[PDB]
Amino acid sequence: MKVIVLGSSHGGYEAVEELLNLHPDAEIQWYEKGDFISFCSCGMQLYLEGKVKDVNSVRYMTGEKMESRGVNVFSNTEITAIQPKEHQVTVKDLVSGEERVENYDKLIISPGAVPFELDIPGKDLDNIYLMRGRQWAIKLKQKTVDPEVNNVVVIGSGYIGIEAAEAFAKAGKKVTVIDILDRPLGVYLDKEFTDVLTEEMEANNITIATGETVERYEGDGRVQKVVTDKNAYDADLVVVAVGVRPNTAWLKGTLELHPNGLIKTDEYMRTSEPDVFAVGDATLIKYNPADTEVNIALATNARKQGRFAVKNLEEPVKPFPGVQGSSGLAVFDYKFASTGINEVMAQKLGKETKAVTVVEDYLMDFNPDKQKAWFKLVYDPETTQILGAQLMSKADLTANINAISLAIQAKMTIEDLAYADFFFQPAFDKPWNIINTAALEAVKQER
Ligand SMILES: Cc1cc2nc3c(=O)[nH]c(=O)nc-3n(C[C@H](O)[C@H](O)[C@H](O)COP(=O)(O)OP(=O)(O)OC[C@H]3O[C@@H](n4cnc5c(N)ncnc54)[C@H](O)[C@@H]3O)c2cc1C
């Protein structure tokens, strides 16, 4: 059985892992059009802030290691096209230019996504950078120590834009974050959380310009100004972190795609064509909080889908369990995590929700280490089932969101969580911990 896997990132990598323990017998070919196998863009912030010194160590696999395991790894080789009926792909060796046709029994593709660029006047003057991959990591890092870079503008105020803004603010640059949306990180957190984070970012000389449409980049050869509908901002460097586009234009006509370019797949990761499976950022995933499919471009999702494609390689025997959209990040001193439905998610899906927010010290009054923590519990107004939660503190309490993720999947209610058995010891928490306290408040709100 010959399986070809496209992509050495999170989705393609886990497919090769699961093939190795479920089908040791197979002839496995792993293709990667780039130069470097399994670079983790996840570690870009640690590298840009100097926590990791060697960019080449920000990876989780090497080709040599997989070859030792019997996998045929092909870096610098691109899969140019798929011929689904005759079960062939044409591949192009990018160093020699030679093209060849390769046959397969099963094909698992994890083609990913590409940074969305703004197509505006000035589109690419020099020093308009993107943030994905090893090459962009290296160039961004060189700009961190460049004395000519004083003002950097990042467009986009999501996860990636706020990581870039923090990295350049910590390198001593003046940062402006510009976005059409009204709150940074709105997709992940609600207003009571982003209000605290906005103050924290402004205390570290990041200006946040929300509700503005970028119209053109101005500059002579290299960028010098970013002008929006409302303002003009000096810029020595722009980091565009507006979003991501699925890498699927080459598949139009070969596989069925949604209007937005995402590949159509079912709960067994099968595409519209026999024996080709698709995984990762280029696909939708079952979202349990709202029982619908949503595109949630996270490493966790791609890795789980990759293993489920291999489990269903021969028979559609194992439907995907679904996910809650769990994410987490530290922004300067604050560590936050969220899962499930929040306000922006409820608006997009047309879902009605209720919520309680508790803001108090997470340790008992007599313990001098006590600090404030914010916890918001989102639940269904009719059934009182748990739909989502968001937590933030300067203390790391983020692992508690893992219990909420399971609670949503298990369809537990506010009453279940109010009396759920969580340990108490006064160096770690209160007798009713952060989850118990918010759920107890929700029970009182529904009495
Ligand atoms: C800055 C940054 C930070 C992030 N941090 C986190 C985080 O901390 N936590 C989290 O869960 N997620 C994080 N993510 C998201 C996560 O990285 C993605 O969800 C994940 O990488 C998607 O994996 P993928 O395999 O679907 O696609 P991609 O990562 O986009 O990889 C696709 C791979 O396949 C290759 N390829 C594409 N076409 C071809 C072809 N035709 N032939 C051969 N090879 C090809 C590409 O070169 C690429 O290497 C982050 C993303 C970024 C950009």
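- In the PDB header, X-ray crystallography is given as the technique by which the entry was determined, and 2.1 Å as its resolution.

- Under the annotation held in the PDB entry, the protein carries the name NADH PEROXIDASE and is attributed to Enterococcus faecalis.
- Per UniProt, the protein has the following entry under Catalytic activity: "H2O2 + NADH + H(+) = NAD(+) + 2 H2O".
- UniProt, in its Sequence similarities section for the protein, records the words "Belongs to the class-III pyridine nucleotide-disulfide oxidoreductase family."

## Points about the site of the ligand
Here comes step 1: The immediate surroundings of the ligand are formed by 29 residues, with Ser-9, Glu-32, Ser-110, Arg-132 and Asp-281 found nearest.
Here comes step 2: Between an oxygen atom of the ligand and a side-chain N or O atom of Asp-281, the distance comes to 2.7 Å.
Here comes step 3: Notes on the ligand: free accessible area 1,000 Å², of which the protein chains cover 87%.
Here comes step 4: Where the shell around the ligand is concerned, the elements lending two or more residues are α1 (10-22), β4 (77-83), α5 (159-170) and α7 (299-311).
Here comes step 5: Its residues assigned to classes, the shell around the ligand shows 13 nonpolar, 11 polar and 5 charged.
Here comes step 6: Summarising the domain contributions, the shell around the ligand has at least three residues from each of domain 1 (1-33 + 60-112 + 246-326) and domain 2 (41-58 + 113-244).

## A closer look at the domain arrangement of the protein
It is common to report an interface's size as the accessible area lost on association of the parts.
Here comes step 1: Domain boundaries assigned for the protein yield domain 1 (1-33 + 60-112 + 246-326), domain 2 (41-58 + 113-244) and domain 3 (334-446).
Here comes step 2: Taken residue by residue, the interface counts 12 residues in domain 2 and 13 residues in domain 3.
Here comes step 3: In this assembly, domain 2 packs against domain 3 so that about 1,200 Å² is buried in total across both faces, 65% of it on carbon and sulfur atoms.
Here comes step 4: Area buried by domain 2 at its contact with domain 3 is led by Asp-190, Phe-193 and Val-196, which between them contribute 42% of it.
Here comes step 5: Summed over the shared surface of domain 2 and domain 3, the number is 7 residue pairs in polar contact.
Here comes step 6: In the side of domain 2 that touches domain 3, the residues fall into 7 nonpolar, 1 polar and 4 charged.

## Describing the pairing of strand β14 (residues 225-228)
Strand residues, when the strand is regular, have side chains that alternate between the two faces of the sheet.
Here comes step 1: As paired elements, strand β13 (residues 214-218) and β14 share 4 bridges and run antiparallel to each other. In the strand pairing of β14, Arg-216 is matched with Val-227.
Here comes step 2: Hairpin connection of β13 to β14: 6 residues between the antiparallel strands, including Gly-221 at a positive phi of 85°.
Here comes step 3: Relative to strand β15 (residues 232-234), β14 is paired through 3 bridges, and the arrangement is antiparallel. Note on β15: the bridge partner recorded for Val-227 is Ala-232.

## As for the packing of aromatic side chains
Here comes step 1: Taken as a whole and judged by the stated rule, the model has 10 aromatic pairs.
Here comes step 2: Measuring from ring centre to ring centre gives 6.3 Å for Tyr-419 and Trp-432, while their planes differ by 75°; the resulting arrangement is edge-to-face. You can see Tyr-419 sitting in the loop between α10 (414-418) and α11 (434-445) and its partner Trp-432 sitting in the loop between α10 and α11, a full 13 residues away along the chain.
Here comes step 3: A relative accessible area of 49% places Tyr-419 in the partly exposed class.
Here comes step 4: A cation over a ring is seen here: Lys-139 above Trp-136, with NZ or CZ 3.9 Å from the ring centre.
Here comes step 5: One cation-aromatic arrangement involves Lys-311 over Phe-308; the distance from NZ or CZ to the ring centre is 5.5 Å.

Here is what the cut-offs are and how they apply
Residues numbered from 1 in each chain as written, not as in the entry; some residues may be left out. Heavy atoms only, no water. UniProt positions renumbered as here; feature names shortened; annotations may be inferred. Near = heavy atom within 4 Å. Polar contact = N/O pair within 3.5 Å; in protein donor to acceptor, adjacent residues only side chain to side chain. Areas by Shrake-Rupley, 256 points an atom, 1.4 Å probe, with all protein chains shown as cover. Helix = DSSP H or I, 4+ residues; strand = E, 2+ residues; numbered from the N terminus. Nonpolar A, V, L, I, M, F, W, Y, C, P; charged D, E, K, R; others polar. Domains from an automatic or database assignment. Contact = heavy atoms within 4.5 Å. Buried area = accessible area lost by both parts, 1.4 Å probe. Pairing = 2+ DSSP bridges. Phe/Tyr/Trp six-rings, centres within 6.5 Å; stacked < 30°, edge-to-face > 60°. Buried < 20%, exposed > 50% of the residue type's maximum accessible area, 1.4 Å probe, protein only. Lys NZ or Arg CZ within 6 Å of the ring centre and 35° of its normal.

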